[PDB]
>>> print(open('start.cif').read())   # mmCIF, C-alpha atoms
data_target
loop_
_atom_site.label_atom_id
_atom_site.label_comp_id
_atom_site.auth_asym_id
_atom_site.auth_seq_id
_atom_site.Cartn_x
_atom_site.Cartn_y
_atom_site.Cartn_z
CA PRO Q 319 35.56 33.14 25.45
CA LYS Q 320 32.02 32.66 26.70
CA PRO Q 321 29.90 29.93 25.10
CA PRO Q 322 27.26 31.08 22.60
CA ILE Q 323 23.76 31.14 24.03
CA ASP Q 324 21.36 31.79 21.13
CA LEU Q 325 21.81 28.36 19.54
CA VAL Q 326 18.73 27.71 17.38
CA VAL Q 327 17.74 24.93 14.98
CA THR Q 328 16.52 26.57 11.76
CA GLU Q 329 16.12 23.72 9.24
CA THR Q 330 15.71 19.95 9.45
CA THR Q 331 15.75 17.34 6.68
CA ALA Q 332 16.26 13.58 6.67
CA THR Q 333 20.06 13.94 6.68
CA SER Q 334 20.92 17.57 7.54
CA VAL Q 335 20.40 20.18 10.25
CA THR Q 336 21.09 23.90 9.78
CA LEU Q 337 22.11 25.90 12.86
CA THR Q 338 22.43 29.62 13.56
CA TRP Q 339 23.69 31.56 16.58
CA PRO Q 346 34.53 39.03 20.21
CA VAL Q 347 35.55 35.60 18.91
CA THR Q 348 37.45 34.27 15.97
CA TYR Q 349 35.40 31.17 15.03
CA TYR Q 350 33.12 28.49 16.47
CA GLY Q 351 33.17 24.73 16.89
CA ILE Q 352 30.12 22.46 16.65
CA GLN Q 353 30.23 19.27 18.71
CA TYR Q 354 27.53 16.62 18.49
CA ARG Q 355 26.69 13.08 19.60
CA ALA Q 356 23.59 10.92 19.73
CA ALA Q 357 22.31 10.52 23.28
CA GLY Q 358 21.78 6.75 23.36
CA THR Q 359 25.09 6.07 21.60
CA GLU Q 360 28.69 6.23 22.82
CA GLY Q 361 30.18 8.95 25.00
CA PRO Q 362 32.78 10.45 22.64
CA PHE Q 363 31.37 13.33 20.62
CA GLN Q 364 31.98 13.97 16.95
CA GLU Q 365 33.52 17.34 16.15
CA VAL Q 366 33.26 19.93 13.37
CA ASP Q 367 36.05 22.49 13.64
CA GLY Q 368 36.61 25.90 12.10
CA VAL Q 369 33.18 27.48 11.62
CA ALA Q 370 34.01 31.09 10.76
CA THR Q 371 30.35 32.17 10.50
CA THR Q 372 27.35 31.95 12.82
CA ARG Q 373 25.41 29.67 10.45
CA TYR Q 374 26.18 26.13 9.35
CA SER Q 375 24.47 22.98 8.05
CA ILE Q 376 25.59 19.58 9.36
CA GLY Q 377 24.99 16.84 6.79
CA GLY Q 378 25.40 13.09 6.69
CA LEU Q 379 23.00 12.30 9.53
CA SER Q 380 20.81 9.21 9.82
CA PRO Q 381 17.03 9.48 9.40
CA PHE Q 382 14.73 9.22 12.43
CA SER Q 383 17.67 9.45 14.84
CA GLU Q 384 18.02 11.70 17.88
CA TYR Q 385 21.20 13.76 18.26
CA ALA Q 386 22.56 16.26 20.76
CA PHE Q 387 24.35 19.46 19.74
CA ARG Q 388 26.44 21.99 21.65
CA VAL Q 389 28.72 24.88 20.67
CA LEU Q 390 31.83 26.37 22.27
CA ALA Q 391 33.63 29.59 21.39
CA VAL Q 392 37.31 30.18 20.66
CA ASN Q 393 39.34 33.37 20.24
CA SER Q 394 43.04 34.23 20.07
CA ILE Q 395 43.42 33.32 23.76
CA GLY Q 396 41.92 29.85 23.47
CA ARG Q 397 38.72 27.84 23.65
CA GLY Q 398 35.82 28.24 26.04
CA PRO Q 399 33.27 26.02 27.77
CA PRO Q 400 30.52 24.55 25.60
CA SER Q 401 26.98 25.87 25.47
CA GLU Q 402 23.94 24.00 26.75
CA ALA Q 403 22.94 21.02 24.63
CA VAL Q 404 19.94 21.14 22.29
CA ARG Q 405 17.82 18.28 20.94
CA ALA Q 406 17.07 17.39 17.32
CA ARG Q 407 15.48 14.54 15.37
CA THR Q 408 16.16 14.03 11.68
CA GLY Q 409 13.44 13.72 9.06
CA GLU Q 410 11.80 10.65 7.60
CA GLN Q 411 12.55 8.51 4.55
CA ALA Q 412 11.02 5.38 3.08
CA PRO Q 413 11.85 2.19 5.01
CA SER Q 414 15.01 0.38 3.95
CA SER Q 415 14.40 -3.01 5.63
CA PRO Q 416 11.39 -5.34 5.70
CA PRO Q 417 9.41 -6.32 8.80
CA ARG Q 418 11.17 -8.94 10.92
CA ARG Q 419 10.17 -12.43 12.07
CA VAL Q 420 7.03 -12.72 9.97
CA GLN Q 421 4.82 -15.62 11.02
CA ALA Q 422 1.34 -16.87 10.20
CA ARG Q 423 -1.09 -19.64 11.13
CA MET Q 424 -4.69 -20.61 10.44
CA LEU Q 425 -7.08 -19.50 13.17
CA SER Q 426 -10.15 -21.09 11.57
CA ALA Q 427 -11.12 -22.63 8.24
CA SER Q 428 -10.97 -19.19 6.59
CA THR Q 429 -9.11 -16.86 9.00
CA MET Q 430 -5.33 -16.59 9.34
CA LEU Q 431 -3.34 -14.70 11.97
CA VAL Q 432 -0.24 -12.80 10.82
CA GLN Q 433 2.44 -11.41 13.14
CA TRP Q 434 5.78 -9.67 12.68
CA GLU Q 435 8.35 -7.34 14.25
CA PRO Q 436 9.20 -3.78 13.19
CA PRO Q 437 11.87 -3.37 10.52
CA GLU Q 438 15.42 -2.71 11.65
CA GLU Q 439 15.67 0.34 9.34
CA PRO Q 440 12.31 2.15 9.43
CA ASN Q 441 13.80 5.58 8.54
CA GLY Q 442 10.75 7.22 10.09
CA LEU Q 443 7.49 6.66 11.93
CA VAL Q 444 5.61 3.67 10.53
CA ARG Q 445 2.08 4.61 9.47
CA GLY Q 446 0.99 1.06 8.63
CA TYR Q 447 1.76 -2.18 6.84
CA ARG Q 448 0.72 -3.90 3.61
CA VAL Q 449 0.25 -7.68 3.65
CA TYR Q 450 0.43 -9.51 0.32
CA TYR Q 451 -0.86 -13.08 0.10
CA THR Q 452 -1.91 -15.59 -2.54
CA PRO Q 453 -3.15 -19.19 -2.73
CA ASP Q 454 -0.88 -19.79 -5.76
CA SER Q 455 2.81 -18.96 -5.39
CA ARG Q 456 3.14 -19.18 -9.19
CA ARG Q 457 1.13 -15.95 -9.51
CA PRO Q 458 3.20 -12.80 -10.04
CA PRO Q 459 3.77 -10.83 -6.83
CA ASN Q 460 1.62 -7.88 -7.91
CA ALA Q 461 -1.31 -10.26 -8.47
CA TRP Q 462 -1.50 -11.05 -4.75
CA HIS Q 463 -4.25 -9.63 -2.56
CA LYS Q 464 -3.31 -6.56 -0.52
CA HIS Q 465 -4.53 -6.07 3.06
CA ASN Q 466 -3.59 -2.81 4.78
CA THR Q 467 -3.15 -2.59 8.56
CA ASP Q 468 -2.10 0.02 11.12
CA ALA Q 469 1.19 0.21 13.06
CA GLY Q 470 0.34 -2.87 15.14
CA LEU Q 471 2.60 -5.90 14.94
CA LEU Q 472 -0.14 -8.45 14.17
CA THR Q 473 -3.35 -8.72 12.17
CA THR Q 474 -6.01 -11.15 10.95
CA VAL Q 475 -7.21 -11.86 7.41
CA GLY Q 476 -10.60 -13.47 6.85
CA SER Q 477 -12.57 -14.72 3.85
CA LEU Q 478 -9.71 -17.01 2.81
CA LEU Q 479 -10.39 -19.98 0.62
CA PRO Q 480 -10.46 -23.19 2.70
CA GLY Q 481 -8.33 -26.24 2.15
CA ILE Q 482 -5.34 -24.41 0.67
CA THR Q 483 -1.93 -23.33 1.98
CA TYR Q 484 -1.23 -19.63 1.48
CA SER Q 485 2.00 -17.74 0.87
CA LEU Q 486 2.54 -14.36 2.46
CA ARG Q 487 4.93 -11.47 2.95
CA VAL Q 488 4.56 -8.09 4.65
CA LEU Q 489 6.09 -4.67 4.05
CA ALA Q 490 6.09 -1.51 6.15
CA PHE Q 491 5.49 2.06 5.04
CA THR Q 492 6.01 5.45 6.65
CA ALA Q 493 4.50 8.74 5.52
CA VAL Q 494 7.14 8.80 2.75
CA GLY Q 495 6.57 5.48 1.00
CA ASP Q 496 6.64 1.71 1.17
CA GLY Q 497 9.60 -0.35 2.32
CA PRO Q 498 10.85 -3.67 0.97
CA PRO Q 499 8.74 -6.79 1.53
CA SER Q 500 9.82 -9.59 3.83
CA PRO Q 501 10.81 -12.99 2.46
CA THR Q 502 7.79 -15.10 1.59
CA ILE Q 503 6.56 -17.31 4.43
CA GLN Q 504 4.07 -20.17 4.65
CA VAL Q 505 1.19 -20.08 7.13
CA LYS Q 506 0.85 -22.97 9.57
CA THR Q 507 -2.19 -25.21 10.07
CA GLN Q 508 -4.49 -25.78 13.02
CA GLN Q 509 -2.90 -28.44 15.22
CA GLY Q 510 -5.64 -30.95 16.02
CA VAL Q 511 -8.13 -29.80 13.38
CA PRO Q 512 -8.90 -32.62 10.90
CA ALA Q 513 -8.42 -32.49 7.15
CA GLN Q 514 -10.95 -31.84 4.41
CA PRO Q 515 -12.80 -35.15 3.86
CA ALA Q 516 -11.67 -37.13 0.83
CA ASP Q 517 -13.62 -39.00 -1.86
CA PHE Q 518 -16.91 -37.39 -0.80
CA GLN Q 519 -19.72 -38.99 -2.81
CA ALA Q 520 -23.52 -39.05 -2.87
CA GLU Q 521 -25.66 -42.00 -3.98
CA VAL Q 522 -29.39 -41.67 -4.66
CA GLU Q 523 -31.24 -44.52 -2.92
CA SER Q 524 -34.88 -43.54 -3.49
CA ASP Q 525 -37.18 -40.51 -3.63
CA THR Q 526 -36.54 -39.90 0.09
CA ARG Q 527 -33.11 -41.42 0.85
CA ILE Q 528 -29.56 -40.45 -0.13
CA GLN Q 529 -26.51 -42.26 1.26
CA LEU Q 530 -23.33 -40.21 1.62
CA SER Q 531 -19.94 -41.92 1.62
CA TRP Q 532 -16.29 -40.97 2.03
CA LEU Q 533 -12.99 -42.46 3.18
CA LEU Q 534 -12.37 -42.58 6.92
CA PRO Q 535 -9.02 -40.90 7.70
CA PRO Q 536 -6.36 -43.23 9.13
CA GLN Q 537 -5.00 -42.55 12.62
CA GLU Q 538 -6.83 -39.25 13.10
CA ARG Q 539 -8.69 -38.39 16.31
CA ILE Q 540 -12.07 -37.98 14.62
CA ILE Q 541 -14.90 -37.33 17.08
CA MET Q 542 -17.92 -36.59 14.86
CA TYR Q 543 -18.83 -35.51 11.34
CA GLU Q 544 -20.94 -32.48 10.45
CA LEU Q 545 -23.07 -32.68 7.29
CA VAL Q 546 -24.68 -29.47 6.01
CA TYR Q 547 -27.26 -29.78 3.24
CA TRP Q 548 -29.97 -27.62 1.69
CA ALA Q 549 -32.39 -27.49 -1.21
CA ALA Q 550 -31.07 -25.59 -4.22
CA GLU Q 551 -34.34 -23.64 -4.47
CA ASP Q 552 -34.16 -22.66 -0.77
CA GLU Q 553 -30.61 -21.34 -0.42
CA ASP Q 554 -31.67 -19.41 2.70
CA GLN Q 555 -32.90 -22.49 4.60
CA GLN Q 556 -30.16 -25.00 5.44
CA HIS Q 557 -29.86 -28.08 7.65
CA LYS Q 558 -27.12 -29.67 9.74
CA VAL Q 559 -26.86 -33.15 11.27
CA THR Q 560 -24.05 -34.49 13.47
CA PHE Q 561 -23.26 -38.17 14.03
CA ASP Q 562 -20.62 -40.50 15.42
CA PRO Q 563 -17.55 -41.34 13.30
CA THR Q 564 -18.16 -43.62 10.32
CA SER Q 565 -17.40 -43.91 6.61
CA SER Q 566 -21.00 -43.71 5.36
CA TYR Q 567 -24.30 -42.12 6.36
CA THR Q 568 -27.78 -42.48 4.88
CA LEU Q 569 -29.94 -39.36 4.90
CA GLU Q 570 -33.66 -40.15 5.03
CA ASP Q 571 -37.02 -38.38 4.77
CA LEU Q 572 -35.99 -36.12 1.89
CA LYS Q 573 -38.43 -34.50 -0.51
CA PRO Q 574 -38.92 -36.24 -3.88
CA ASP Q 575 -37.75 -34.58 -7.10
CA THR Q 576 -35.58 -32.10 -5.18
CA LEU Q 577 -32.00 -31.05 -5.91
CA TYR Q 578 -29.88 -31.13 -2.75
CA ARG Q 579 -26.41 -29.73 -2.10
CA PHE Q 580 -23.90 -31.18 0.35
CA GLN Q 581 -20.78 -30.15 2.24
CA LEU Q 582 -18.97 -32.24 4.85
CA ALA Q 583 -16.49 -31.33 7.58
CA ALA Q 584 -14.64 -33.19 10.33
CA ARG Q 585 -14.46 -32.10 13.97
CA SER Q 586 -11.83 -33.23 16.47
CA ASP Q 587 -11.32 -32.21 20.09
CA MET Q 588 -9.62 -29.09 18.68
CA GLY Q 589 -12.56 -28.00 16.51
CA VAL Q 590 -14.04 -28.46 13.05
CA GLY Q 591 -12.00 -28.56 9.86
CA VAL Q 592 -12.68 -27.10 6.44
CA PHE Q 593 -15.78 -28.19 4.54
CA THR Q 594 -15.70 -30.19 1.35
CA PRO Q 595 -16.66 -28.37 -1.84
CA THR Q 596 -20.35 -28.44 -2.66
CA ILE Q 597 -21.68 -31.59 -4.32
CA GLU Q 598 -25.18 -32.08 -5.69
CA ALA Q 599 -27.80 -34.81 -6.00
CA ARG Q 600 -31.47 -34.85 -7.03
CA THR Q 601 -33.92 -37.19 -5.32
CA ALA Q 602 -35.97 -39.58 -7.42
CA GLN Q 603 -39.58 -38.90 -8.32
CA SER Q 604 -42.59 -40.21 -6.42
CA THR Q 605 -46.31 -40.16 -7.01
CA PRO Q 606 -48.13 -36.83 -6.57
CA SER Q 607 -49.26 -36.07 -3.02
CA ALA Q 608 -52.04 -33.56 -3.78
CA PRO Q 609 -54.97 -33.51 -6.21
CA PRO Q 610 -55.66 -30.82 -8.80
CA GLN Q 611 -57.17 -27.65 -7.37
CA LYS Q 612 -60.19 -25.48 -8.16
CA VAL Q 613 -62.19 -28.33 -9.69
CA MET Q 614 -65.45 -27.13 -11.27
CA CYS Q 615 -68.21 -28.87 -13.23
CA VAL Q 616 -70.83 -27.30 -15.50
CA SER Q 617 -73.54 -29.00 -17.58
CA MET Q 618 -73.83 -27.10 -20.87
CA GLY Q 619 -76.59 -29.35 -22.23
CA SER Q 620 -78.84 -32.32 -21.56
CA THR Q 621 -76.10 -34.95 -22.06
CA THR Q 622 -72.82 -33.02 -21.62
CA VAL Q 623 -70.85 -31.88 -18.56
CA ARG Q 624 -67.72 -29.72 -18.67
CA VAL Q 625 -65.13 -30.29 -15.93
CA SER Q 626 -62.42 -27.71 -15.24
CA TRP Q 627 -59.35 -27.82 -13.01
CA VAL Q 628 -55.85 -26.45 -12.50
CA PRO Q 629 -52.72 -28.58 -11.90
CA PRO Q 630 -51.70 -29.35 -8.30
CA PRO Q 631 -49.48 -26.77 -6.58
CA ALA Q 632 -45.92 -26.99 -7.86
CA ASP Q 633 -44.45 -27.99 -4.49
CA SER Q 634 -46.69 -31.09 -4.21
CA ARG Q 635 -46.26 -32.58 -7.70
CA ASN Q 636 -43.15 -34.62 -6.75
CA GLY Q 637 -42.33 -34.82 -10.45
CA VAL Q 638 -43.49 -33.74 -13.88
CA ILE Q 639 -47.22 -34.34 -14.35
CA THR Q 640 -47.48 -36.75 -17.28
CA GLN Q 641 -51.18 -37.62 -17.59
CA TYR Q 642 -54.62 -37.31 -16.02
CA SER Q 643 -57.42 -39.82 -15.48
CA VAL Q 644 -61.14 -39.30 -14.88
CA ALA Q 645 -63.35 -41.87 -13.16
CA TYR Q 646 -67.12 -41.66 -12.85
CA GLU Q 647 -69.90 -43.57 -11.09
CA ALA Q 648 -73.64 -42.89 -10.94
CA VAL Q 649 -75.56 -43.73 -7.77
CA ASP Q 650 -79.08 -43.33 -9.19
CA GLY Q 651 -78.63 -43.98 -12.91
CA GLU Q 652 -78.09 -47.39 -14.47
CA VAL Q 658 -62.82 -44.68 -16.75
CA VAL Q 659 -60.87 -42.53 -19.20
CA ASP Q 660 -57.10 -42.58 -18.65
CA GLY Q 661 -54.19 -41.38 -20.75
CA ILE Q 662 -55.42 -37.77 -20.76
CA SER Q 663 -52.42 -35.72 -21.86
CA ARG Q 664 -50.77 -33.36 -19.39
CA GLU Q 665 -51.66 -30.26 -21.43
CA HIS Q 666 -55.42 -30.68 -20.87
CA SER Q 667 -57.07 -28.34 -18.38
CA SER Q 668 -60.61 -29.49 -19.21
CA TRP Q 669 -62.35 -32.53 -20.69
CA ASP Q 670 -65.90 -32.97 -21.99
CA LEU Q 671 -67.90 -35.90 -20.64
CA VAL Q 672 -70.40 -36.93 -23.32
CA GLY Q 673 -73.31 -39.34 -23.42
CA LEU Q 674 -74.66 -38.76 -19.92
CA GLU Q 675 -78.27 -39.28 -18.88
CA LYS Q 676 -80.73 -36.41 -18.58
CA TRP Q 677 -81.25 -34.98 -15.08
CA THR Q 678 -78.82 -37.54 -13.65
CA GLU Q 679 -76.20 -37.00 -10.94
CA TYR Q 680 -72.73 -38.52 -11.33
CA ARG Q 681 -69.74 -38.73 -9.01
CA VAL Q 682 -66.58 -37.37 -10.64
CA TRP Q 683 -62.96 -37.55 -9.47
CA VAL Q 684 -59.91 -35.93 -11.09
CA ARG Q 685 -56.42 -37.36 -10.65
CA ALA Q 686 -52.85 -36.39 -11.53
CA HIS Q 687 -50.01 -38.71 -12.55
CA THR Q 688 -46.23 -38.78 -12.65
CA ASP Q 689 -44.02 -41.44 -14.20
CA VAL Q 690 -44.07 -43.23 -10.83
CA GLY Q 691 -47.86 -43.49 -10.80
CA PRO Q 692 -51.10 -41.76 -9.88
CA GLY Q 693 -51.46 -39.42 -6.95
CA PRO Q 694 -54.57 -38.89 -4.83
CA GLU Q 695 -57.80 -37.72 -6.43
CA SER Q 696 -59.79 -34.64 -5.48
CA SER Q 697 -62.96 -34.72 -3.43
CA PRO Q 698 -65.84 -35.48 -5.82
CA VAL Q 699 -67.89 -32.62 -7.25
CA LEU Q 700 -71.56 -33.30 -7.99
CA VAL Q 701 -73.24 -32.06 -11.17
CA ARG Q 702 -76.56 -32.73 -12.90
CA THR Q 703 -77.15 -32.64 -16.65
CA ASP Q 704 -79.75 -30.42 -18.34
#
>>> encode(input="start.cif", output="structure tokens")
Amino acid sequence: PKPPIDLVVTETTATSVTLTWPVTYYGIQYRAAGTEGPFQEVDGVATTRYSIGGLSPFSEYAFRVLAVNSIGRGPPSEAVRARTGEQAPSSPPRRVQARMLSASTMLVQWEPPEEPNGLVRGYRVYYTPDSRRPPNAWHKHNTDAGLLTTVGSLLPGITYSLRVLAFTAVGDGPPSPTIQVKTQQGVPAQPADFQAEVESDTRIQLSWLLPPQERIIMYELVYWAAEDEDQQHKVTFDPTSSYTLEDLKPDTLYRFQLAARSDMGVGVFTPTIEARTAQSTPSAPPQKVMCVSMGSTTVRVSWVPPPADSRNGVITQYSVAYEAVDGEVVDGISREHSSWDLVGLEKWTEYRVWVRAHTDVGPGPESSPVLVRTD
């Protein structure tokens, strides 16, 4: 007989293909192109429709039909192409690997799974700093169909665990075995025994243990004032086990982090430590000093405390000194006073008056004198 010609693919699933097209019956012969030469055979198809089952998902096959009658068989028809449908992956990604790119960025790489069962639409990377955490408590990072990715915002100084799974449009596949991410080769370790010692109101000496047999090139110290989180400082210096910071502001809380740089870059910073500088004497006088004579022998002096940034400590007391140039000292004034009444002055007499602020360390500078005459 002549081969059938109207061979048409009518339905396609993940594991089955339905085909439709004077003979007695038909035979359906099929092989996958990239496989072995010998075809598989389905014999005795008495109708013009049939559904071939048992196929593998996401696999390309070739189909052809020949006709047979009472005389014998005939040549096969032209071959037609077909690709089975998708399923969820059945194998995890292969050769998963990871390493630290920076102090907080890791690079992850892998190979496609051996059994994707479809077109991969992306991957899901699960990672945790504590392997004791349950698997579903890990952080999930989704990627596209690429075979590598980066994850930032990691916590520094810790070794992560990781495993990746693939998913098609159907669902997720199994996750790979857990792997451990590698470390930067020549990058130094987080400094150990990092301490801060208050030396004075302007000096703080930092100390730590120098790492043994480690190609340290220089240390990087980053510090800032707690009240000025936006403004930070950084000083680099030759390798040592101690460093004294100088010229700091008195009565100021400072925060510190330390890192180590080798020829291969800087390591992870220490956690933040804190220290407050000691107090000093005030560096500015009270502001807005005014003097008024309410009577013939009384003068009222008014002032406001120095600006907060120049007190260098808690103001503990005030002192008033006076001296008359033409005519013939009260300390221990409590910190809550904003005015004090000078009594017993001479009529129509000019005095020189200075106002002064104090900390526990001592007195600061006094304001420029304000002149006032009684009566």
>>> atom_distance(input="start.cif", atom1="atom CA of residue 418 of chain Q", atom2="atom CA of residue 455 of chain Q")
20.9 Å
>>> residues_around(input="start.cif", residues="segment 698-703 of chain Q", least_positions_apart="2", cutoff="12 Å", atoms="all atoms listed in the file", output="PyMOL selection string")
chain Q and resi 609-627+644-651+671-685+694-696
>>> write_last_selection(input="start.cif", atoms="C-alpha atoms", output="PDB file, in the coordinates of the input")
ATOM      1  CA  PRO Q 609     -54.970 -33.510  -6.210  1.00  0.00           C
ATOM      2  CA  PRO Q 610     -55.660 -30.820  -8.800  1.00  0.00           C
ATOM      3  CA  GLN Q 611     -57.170 -27.650  -7.370  1.00  0.00           C
ATOM      4  CA  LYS Q 612     -60.190 -25.480  -8.160  1.00  0.00           C
ATOM      5  CA  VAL Q 613     -62.190 -28.330  -9.690  1.00  0.00           C
ATOM      6  CA  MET Q 614     -65.450 -27.130 -11.270  1.00  0.00           C
ATOM      7  CA  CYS Q 615     -68.210 -28.870 -13.230  1.00  0.00           C
ATOM      8  CA  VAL Q 616     -70.830 -27.300 -15.500  1.00  0.00           C
ATOM      9  CA  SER Q 617     -73.540 -29.000 -17.580  1.00  0.00           C
ATOM     10  CA  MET Q 618     -73.830 -27.100 -20.870  1.00  0.00           C
ATOM     11  CA  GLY Q 619     -76.590 -29.350 -22.230  1.00  0.00           C
ATOM     12  CA  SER Q 620     -78.840 -32.320 -21.560  1.00  0.00           C
ATOM     13  CA  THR Q 621     -76.100 -34.950 -22.060  1.00  0.00           C
ATOM     14  CA  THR Q 622     -72.820 -33.020 -21.620  1.00  0.00           C
ATOM     15  CA  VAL Q 623     -70.850 -31.880 -18.560  1.00  0.00           C
ATOM     16  CA  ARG Q 624     -67.720 -29.720 -18.670  1.00  0.00           C
ATOM     17  CA  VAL Q 625     -65.130 -30.290 -15.930  1.00  0.00           C
ATOM     18  CA  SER Q 626     -62.420 -27.710 -15.240  1.00  0.00           C
ATOM     19  CA  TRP Q 627     -59.350 -27.820 -13.010  1.00  0.00           C
ATOM     20  CA  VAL Q 644     -61.140 -39.300 -14.880  1.00  0.00           C
ATOM     21  CA  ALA Q 645     -63.350 -41.870 -13.160  1.00  0.00           C
ATOM     22  CA  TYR Q 646     -67.120 -41.660 -12.850  1.00  0.00           C
ATOM     23  CA  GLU Q 647     -69.900 -43.570 -11.090  1.00  0.00           C
ATOM     24  CA  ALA Q 648     -73.640 -42.890 -10.940  1.00  0.00           C
ATOM     25  CA  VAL Q 649     -75.560 -43.730  -7.770  1.00  0.00           C
ATOM     26  CA  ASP Q 650     -79.080 -43.330  -9.190  1.00  0.00           C
ATOM     27  CA  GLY Q 651     -78.630 -43.980 -12.910  1.00  0.00           C
ATOM     28  CA  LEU Q 671     -67.900 -35.900 -20.640  1.00  0.00           C
ATOM     29  CA  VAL Q 672     -70.400 -36.930 -23.320  1.00  0.00           C
ATOM     30  CA  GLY Q 673     -73.310 -39.340 -23.420  1.00  0.00           C
ATOM     31  CA  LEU Q 674     -74.660 -38.760 -19.920  1.00  0.00           C
ATOM     32  CA  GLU Q 675     -78.270 -39.280 -18.880  1.00  0.00           C
ATOM     33  CA  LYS Q 676     -80.730 -36.410 -18.580  1.00  0.00           C
ATOM     34  CA  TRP Q 677     -81.250 -34.980 -15.080  1.00  0.00           C
ATOM     35  CA  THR Q 678     -78.820 -37.540 -13.650  1.00  0.00           C
ATOM     36  CA  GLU Q 679     -76.200 -37.000 -10.940  1.00  0.00           C
ATOM     37  CA  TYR Q 680     -72.730 -38.520 -11.330  1.00  0.00           C
ATOM     38  CA  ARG Q 681     -69.740 -38.730  -9.010  1.00  0.00           C
ATOM     39  CA  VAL Q 682     -66.580 -37.370 -10.640  1.00  0.00           C
ATOM     40  CA  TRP Q 683     -62.960 -37.550  -9.470  1.00  0.00           C
ATOM     41  CA  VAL Q 684     -59.910 -35.930 -11.090  1.00  0.00           C
ATOM     42  CA  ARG Q 685     -56.420 -37.360 -10.650  1.00  0.00           C
ATOM     43  CA  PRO Q 694     -54.570 -38.890  -4.830  1.00  0.00           C
ATOM     44  CA  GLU Q 695     -57.800 -37.720  -6.430  1.00  0.00           C
ATOM     45  CA  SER Q 696     -59.790 -34.640  -5.480  1.00  0.00           C
TER      46      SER Q 696
END
>>> resolve_selection(input="start.cif", expression="the PyMOL selection byres ((chain Q and resi 419) around 12)", output="PyMOL selection string")
chain Q and resi 416-418+420-422+432-438+471-472+487-489+500-503
>>> residues_near_point(input="start.cif", point="(25.8, 28.9, 23.0)", cutoff="9 Å", atoms="only C-alpha atoms", output="ChimeraX atom specification")
/Q:320-325,339,388-391,400-403
>>> atom_distance(input="start.cif", atom1="atom CA of residue 594 of chain Q", atom2="atom CA of residue 509 of chain Q")
19.0 Å
>>> atom_distance(input="start.cif", atom1="atom CA of residue 384 of chain Q", atom2="atom CA of residue 332 of chain Q")
11.5 Å
>>> resolve_selection(input="start.cif", expression="the PyMOL selection byres ((chain Q and resi 440) around 7)", output="list in words")
residues 413, 414, 415, 437, 438, 439, 441, 442 and 444 of chain Q
>>> closest_residue(input="start.cif", among="Q:689, Q:517, Q:660, Q:551", to="residue 565 of chain Q", atoms="all atoms listed in the file")
Q:517
>>> closest_residue(input="start.cif", among="Q:686, Q:546, Q:424, Q:520", to="residue 631 of chain Q", atoms="all atoms listed in the file")
Q:686
>>> residues_around(input="start.cif", residues="residue 450 of chain Q", least_positions_apart="6", cutoff="6 Å", atoms="only C-alpha atoms", output="list in words")
residues 462, 463, 464, 486 and 487 of chain Q
>>> closest_residue(input="start.cif", among="Q:428, Q:504, Q:555, Q:636", to="residue 608 of chain Q", atoms="all atoms listed in the file")
Q:636
>>> resolve_selection(input="start.cif", expression="the PyMOL selection byres ((chain Q and resi 425) around 12)", output="PyMOL selection string")
chain Q and resi 422-424+426-432+473-478+480+505-511+588-592
>>> write_last_selection(input="start.cif", atoms="C-alpha atoms", output="mmCIF file, in the coordinates of the input")
data_model
loop_
_atom_site.group_PDB
_atom_site.id
_atom_site.type_symbol
_atom_site.label_atom_id
_atom_site.label_comp_id
_atom_site.auth_asym_id
_atom_site.auth_seq_id
_atom_site.Cartn_x
_atom_site.Cartn_y
_atom_site.Cartn_z
ATOM 1 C CA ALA Q 422 1.340 -16.870 10.200
ATOM 2 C CA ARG Q 423 -1.090 -19.640 11.130
ATOM 3 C CA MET Q 424 -4.690 -20.610 10.440
ATOM 4 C CA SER Q 426 -10.150 -21.090 11.570
ATOM 5 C CA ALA Q 427 -11.120 -22.630 8.240
ATOM 6 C CA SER Q 428 -10.970 -19.190 6.590
ATOM 7 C CA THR Q 429 -9.110 -16.860 9.000
ATOM 8 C CA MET Q 430 -5.330 -16.590 9.340
ATOM 9 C CA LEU Q 431 -3.340 -14.700 11.970
ATOM 10 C CA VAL Q 432 -0.240 -12.800 10.820
ATOM 11 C CA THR Q 473 -3.350 -8.720 12.170
ATOM 12 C CA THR Q 474 -6.010 -11.150 10.950
ATOM 13 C CA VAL Q 475 -7.210 -11.860 7.410
ATOM 14 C CA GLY Q 476 -10.600 -13.470 6.850
ATOM 15 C CA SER Q 477 -12.570 -14.720 3.850
ATOM 16 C CA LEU Q 478 -9.710 -17.010 2.810
ATOM 17 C CA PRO Q 480 -10.460 -23.190 2.700
ATOM 18 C CA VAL Q 505 1.190 -20.080 7.130
ATOM 19 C CA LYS Q 506 0.850 -22.970 9.570
ATOM 20 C CA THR Q 507 -2.190 -25.210 10.070
ATOM 21 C CA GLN Q 508 -4.490 -25.780 13.020
ATOM 22 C CA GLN Q 509 -2.900 -28.440 15.220
ATOM 23 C CA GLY Q 510 -5.640 -30.950 16.020
ATOM 24 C CA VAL Q 511 -8.130 -29.800 13.380
ATOM 25 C CA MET Q 588 -9.620 -29.090 18.680
ATOM 26 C CA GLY Q 589 -12.560 -28.000 16.510
ATOM 27 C CA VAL Q 590 -14.040 -28.460 13.050
ATOM 28 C CA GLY Q 591 -12.000 -28.560 9.860
ATOM 29 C CA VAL Q 592 -12.680 -27.100 6.440
#
